[PDB]
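A.B. asks: In their complex positions, the first chains:
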Amino acid sequence: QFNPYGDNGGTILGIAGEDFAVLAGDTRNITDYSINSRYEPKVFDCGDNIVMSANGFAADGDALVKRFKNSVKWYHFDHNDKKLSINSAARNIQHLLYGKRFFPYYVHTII
Amino acid sequence: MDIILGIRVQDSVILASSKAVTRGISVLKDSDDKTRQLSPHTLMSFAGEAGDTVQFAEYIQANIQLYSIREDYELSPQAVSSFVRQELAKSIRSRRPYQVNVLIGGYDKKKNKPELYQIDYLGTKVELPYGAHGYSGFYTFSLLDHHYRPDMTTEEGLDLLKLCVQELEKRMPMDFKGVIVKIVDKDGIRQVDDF
Amino acid sequence: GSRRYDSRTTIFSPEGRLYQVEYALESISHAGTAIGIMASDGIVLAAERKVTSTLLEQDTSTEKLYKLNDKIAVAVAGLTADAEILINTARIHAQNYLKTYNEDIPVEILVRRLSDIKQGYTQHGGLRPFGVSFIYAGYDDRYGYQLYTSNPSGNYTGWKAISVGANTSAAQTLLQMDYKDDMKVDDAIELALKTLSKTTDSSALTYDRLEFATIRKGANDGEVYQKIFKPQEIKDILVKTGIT
């Protein structure tokens, strides 16, 4: 029977300072016991000073990031180039994820 | 949910329903009223799957109240029971059926007679002198088969009912936290506060 | 597009009237007269067939009087084909009610629903209204014997005695004159026939140009019987009252 999920491994890490914030992640991508790539980035600049990573099943991860980047683009079109605050981004990402509550994105997301 | 009983005597219908609501290893409530007044002279008790029970009861209540307003007239207990049966009969072949069993106690004002209907979740309707749902009947029926007479008074019916609750409290595995008792007669519906 | 050819059947006139409803009532005023009279112990339905031909099969015919259920019947005035559409709907509605509540449908509930269907055709859908007026005669255990009428507007009203179709103005005046509340069925039968006999556009009223029906409690103990009169039975009742 077809299994729509997979595990691409890797790990990510986000820390916040007083006037800064970091989002780190390793560049290795795997399936089972094989290495797919030694350099496949999964931490992305999404605009408006927001960095994002969706780690786990890479296909779902790429899909989510792609949709959020697109969400930022349309936020500008619809609200007079207003900057998307980090709190507003977070709430928007919740609706992206919960929209697939019964067929989830198999990822752990950090922004 | 769990225990619901019903007895039809000379001049009234008496419904007894357990007060406990249990979820897991915790009794969340010990004062739950498992009944809805459908019309001034018609009362429905219910038991079954969580959520479904109250959702179904209130849905029926709304429909009967709508009918009452539209026609400025009270439906007979027989008419209400048939409506309820059909709704459950529809439900059983739905995508997700209502898993709810009910007793309908009513006083027909045109006939001047009490009436008790037993309807299970499949839509199986029967008119009875006394009725029960679930495991309750396995204890009380033999007691009612023996002690029940068709010409009993309301007070005699309450004593007969006390006898049933006592047998359940002795032999049932679960603590159902007593019962709320309600009487349906010519003057309408009232609750016995000290049982 | 198709806008060009739309008659706009569901609009108001400048005076606030519904054109198509008014014109449907004009159509009904040329149809054979039908009378309903309600007595204390029953109801009479009498109706005049539209100009008959001698080669028409009279016994196996139904034009004016239709059975809705065992307790309710209707007299028709207007387009028969339109009436049969509504009659079948009414028959089904009565059975739905019986299936749901295990009780025979109260007369008014059936009348209201049939009248609501007519109303819809005057407010939406862009279709012509039904060119039909009904006289409902029936019994239930709440109000007992009842007479109602409905018309293309979907408006219905209750009556002690009423006429629809042709010459209603003259017919209503005659009914208003001779009707009284303590009246019996047999007296009502006589009033119905006498009224048709005076209002008819024909030369003389005969058995072959009539349909007749009664709803009595004249069965055996506390139950209602519907009697749709046979040709010979109309011939006899016409002689018994001295019209022929």
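C.D. replies: All right, it came through fine. Residues are numbered from 1 along each chain as shown, chains lettered A, B, ... in the order given.
A.B. asks: how many other residues sit next to residue A:92?
C.D. replies: For residue A:92, the neighbour count with other CB atoms under 10 Å in any protein chain shown is 16. Bear in mind the C-beta positions are built from the backbone N, C-alpha and C, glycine included.
A.B. asks: Spatially nearest residue to it, not counting backbone neighbours?
C.D. replies: Of all residues not flanking residue A:92 in the chain, residue A:71 sits nearest, at 5.7 Å (CB to CB, 6 or more residues apart in numbering or on different chains).
A.B. asks: what's whichever strand or helix holds the one you found packed up against?
C.D. replies: Using DSSP states H and E, residue A:71 falls within helix A:58-78. Packing partners of helix A:58-78 (3 or more CB pairs under 8 Å, 6 or more residues apart in numbering or on different chains; DSSP states H and E): strand A:51-56, helix A:86-98, strand A:107-110.
A.B. asks: out of the ones you listed, deepest packed?
C.D. replies: Comparing those by mean neighbour count (mean count of other CB atoms under 10 Å in any protein chain shown), strand A:51-56 ranks first with a mean of 22.
A.B. asks: That strand: partners in the sheet, and parallel or antiparallel?
C.D. replies: strand A:44-45 (antiparallel), strand A:107-110 (antiparallel) (DSSP bridges).
A.B. asks: Save the ones you listed as JSON lines, and put in distance to residue B:11 too.
C.D. replies: Formatted as JSON lines, these follow (distance: least, CB to CB, whole Å):
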{"stretch": "strand A:44-45", "distance to residue B:11": "79"}
{"stretch": "strand A:107-110", "distance to residue B:11": "68"}
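A.B. asks: Now whichever helix or strand residue C:188 is part of: buried residues?
C.D. replies: Using DSSP H and E, residue C:188 sits in helix C:185-199. Neighbour-count burial for helix C:185-199, counted by 16 or more other CB atoms under 10 Å in any protein chain shown, picks out C:185-197, C:199.
A.B. asks: want to try CSV for the helices and strands packed on helix A:58-78, with distance to residue A:4 as columns?
C.D. replies: Supplementary listing: the helices and strands packed on helix A:58-78 in CSV, determined by distance: least, CB to CB, whole Å:
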stretch, distance to residue A:4
strand A:51-56, 13
helix A:86-98, 17
strand A:107-110, 14
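A.B. asks: Sequence for chain D below, add it please:
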Amino acid sequence: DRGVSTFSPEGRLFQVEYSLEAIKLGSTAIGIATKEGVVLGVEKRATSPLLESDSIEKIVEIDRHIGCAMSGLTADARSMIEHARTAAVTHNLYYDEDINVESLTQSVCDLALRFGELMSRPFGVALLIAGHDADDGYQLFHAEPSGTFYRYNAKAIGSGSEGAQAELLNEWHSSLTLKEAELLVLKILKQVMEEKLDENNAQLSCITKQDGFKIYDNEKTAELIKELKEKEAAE
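C.D. replies: Chain D goes in next, on the same frame as the chains above:
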């Protein structure tokens, strides 16, 4: 007859132009924007003395930071307000923030041209949408059934609009206080109204950053009416 979405030879939509005539028959509504807030005022215009005037609801809240006044076929405005409220609350749900006044107005104006052979005709009501947001501050918008909206420093709509607008042209400046704006709306309403202006046949409202959208009491407006009459007599 003819199509609902038909153009005239001059390049205008018949139905939209005809709805503008309905709005001219409506009761007067005035709005004035200041740096201290935006004021909204309307003429109630009761058709009979037996009608309880306080039930006349021509000024309406959309959110805490956005208010709205109407003029024309006021029954048509109900579904517009319903959409506006839903749009404002929905945006807060999706983005955990207040929605910009302009974005709200644009959302309402998207409904406008959704008619044809969608609803059967355009709206027969104009709206004055007033609010505040962090980016553009205090704002006033005039939303029409054409789907067009203009931002205004001050604007009048309704039967006495062209006369009141000419008066607003002279009186408005960029340093008006909130109190000065309140009196100015009352002054101009009293000029264009048929019946004599009082607290029962006219209604004031405002939106400020601090306190949000508020409809004034009849007691509060009555004192502003008295303050207005005294100041005009004082020179």
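A.B. asks: Chain D added, so what about the neighbour count of residue A:92 now?
C.D. replies: 19.
A.B. asks: Residue C:225 versus that one, what's the distance?
C.D. replies: Residue A:92 sits 74 Å away from residue C:225, taking CB to CB, to the nearest Å as the criterion.
A.B. asks: Also residue D:163?
C.D. replies: Residue D:163 is 79 Å from residue C:225, where distance means CB to CB.
A.B. asks: cool, residue D:50 as well?
C.D. replies: From residue D:50 to residue C:225 the distance is 57 Å (CB to CB).
A.B. asks: which of those two has more neighbours?
C.D. replies: Using other CB under 10 Å, the more surrounded residue of residue D:50 and residue C:225 is residue C:225, with 14 against 6.
A.B. asks: beta partners for the more buried one?
C.D. replies: Residues in a beta bridge with residue C:225, per DSSP bridges, are residue C:216.
A.B. asks: still on that earlier bit, the helix holding residue A:71: which residues count as buried?
C.D. replies: Quick answer for helix A:58-78 (16+ other CB under 10 Å): A:58, A:60, A:61, A:63, A:64, A:65, A:68, A:71, A:72, A:75.
A.B. asks: give the contact list for the fifth one.
C.D. replies: Applying CB atoms under 8 Å, 6 or more residues apart in numbering or on different chains, one finds that residue A:64 lies in contact with A:54, A:93, A:96, A:97, A:105, A:107, A:109.
A.B. asks: In which helix or strand does whichever residue of chain D sits closest to chain B reside?
C.D. replies: At 24.9 Å from chain B, residue D:82 is the closest residue in chain D, using CB to the nearest CB. Using DSSP H and E, residue D:82 sits within helix D:77-95.
A.B. asks: Leaving aside the residues adjacent along the chain, what's closest to residue D:231?
C.D. replies: Nearest one to residue D:231, counting by CB to CB, 6+ apart, is residue D:183 at 7.2 Å.
A.B. asks: give the contact list for that neighbour.
C.D. replies: Residues in contact with residue D:183 (CB under 8 Å, 6+ apart) are D:224, D:227, D:228, D:231.
A.B. asks: next up, chain E:
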Amino acid sequence: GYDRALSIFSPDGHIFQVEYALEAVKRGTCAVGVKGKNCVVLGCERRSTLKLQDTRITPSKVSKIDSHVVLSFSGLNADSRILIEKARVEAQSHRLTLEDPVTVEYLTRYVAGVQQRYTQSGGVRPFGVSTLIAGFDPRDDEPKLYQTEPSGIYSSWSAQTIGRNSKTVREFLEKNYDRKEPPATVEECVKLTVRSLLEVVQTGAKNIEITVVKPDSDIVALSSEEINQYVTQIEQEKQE
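C.D. replies: Now chain E, sitting on the chains shown earlier:
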């Protein structure tokens, strides 16, 4: 589906179909609403060109929407049944979700919304009906009286009338109704309602219907003799 836009604007900015629906209301039998200090009374005209009527079974002019709210109307009778049905359904739906009966304002707002929807929906004509909606909010003793019309606008009234010759009875109410002191009792409120109808009706026999609504779902309809006593009393005081 039938799509035609029947309700549309004209060059002068009028929607004729809505305005012609008002003419149907003007043709209808007169209806009046008067609210007192502790009650609301609904009075209704019944035309007397119809004898041989059966008043037991004939549809009554005042309809209960819930046990605490009533609705009367002027205009097309068939059209009014559709509004009454929808109102009754919404009343039960409100009780089911909010666990509280409708307010009179809410019920009015719903009915008025339905009427408005039929003025800008394709394939439908407006309702040829204006309604008077009266009652008392749950756990409240303040009388409520509202009016709606085909366009969809609604408002509250101390007293109001609709239907044929309504301008005559409105004239009467405008000088006979004091805002500072409304009818203090039930008797006073019924009398003022009957008086206002007697300006227009004809005979005070089986032509006037009166329904009284008091707080906490206390609604009753007056009989012929009860109403006839008000008619008899008013005429004797008039001869002066």
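A.B. asks: Please re-evaluate the neighbour count of residue A:92 in the presence of chain E.
C.D. replies: There are 19 residues near residue A:92, going by other CB under 10 Å.
A.B. asks: Is it in contact with residue D:93, as I believe?
C.D. replies: No: using CB atoms under 8 Å, residue A:92 makes no contact with residue D:93, being 10.3 Å away.
A.B. asks: How far does the helix holding residue C:188 sit from its chain's centre?
C.D. replies: 16 Å (CA atoms, centre = their mean, to the nearest Å).
A.B. asks: what does stretch B:88-95 give?
C.D. replies: 21 Å.
A.B. asks: Checking residue A:19 next. Helix, strand or coil?
C.D. replies: Of the three states, residue A:19 takes coil under DSSP: H, G, I helix; E, B strand; the rest coil.
A.B. asks: one step back: just want the angle from the helix holding residue A:71 to helix A:86-98.
C.D. replies: With axes from the mean of the first three to the mean of the last three CA atoms, to 10 degrees as the basis, helix A:58-78 and helix A:86-98 are set at 130 degrees to each other.
A.B. asks: Name the secondary structure element that contains the nearest residue to residue B:35 once chain neighbours are set aside.
C.D. replies: Nearest residue to residue B:35 in three dimensions, chain neighbours excluded: residue B:45, at 4.7 Å (CB to CB, 6+ apart). Take DSSP H and E as the rule and residue B:45 turns out to sit in strand B:42-48.
A.B. asks: Each with direction, which strands does that strand pair with?
C.D. replies: Sheet pairing of strand B:42-48 (DSSP bridges) gives strand B:35-39 (antiparallel), strand B:100-108 (antiparallel).
A.B. asks: Out of these, which is the most enclosed?
C.D. replies: Neighbour counts (mean count of other CB under 10 Å) averaged over each of the strands paired with strand B:42-48 peak at strand B:100-108, with a mean of 26.
A.B. asks: need the next SSE after that one, C-terminal direction.
C.D. replies: Remark: after strand B:100-108, the chain's next helix or strand is strand B:113-119, criterion DSSP H and E.
A.B. asks: For chain A, what is the nearest residue in chain C?
C.D. replies: residue C:1 (35.9 Å).
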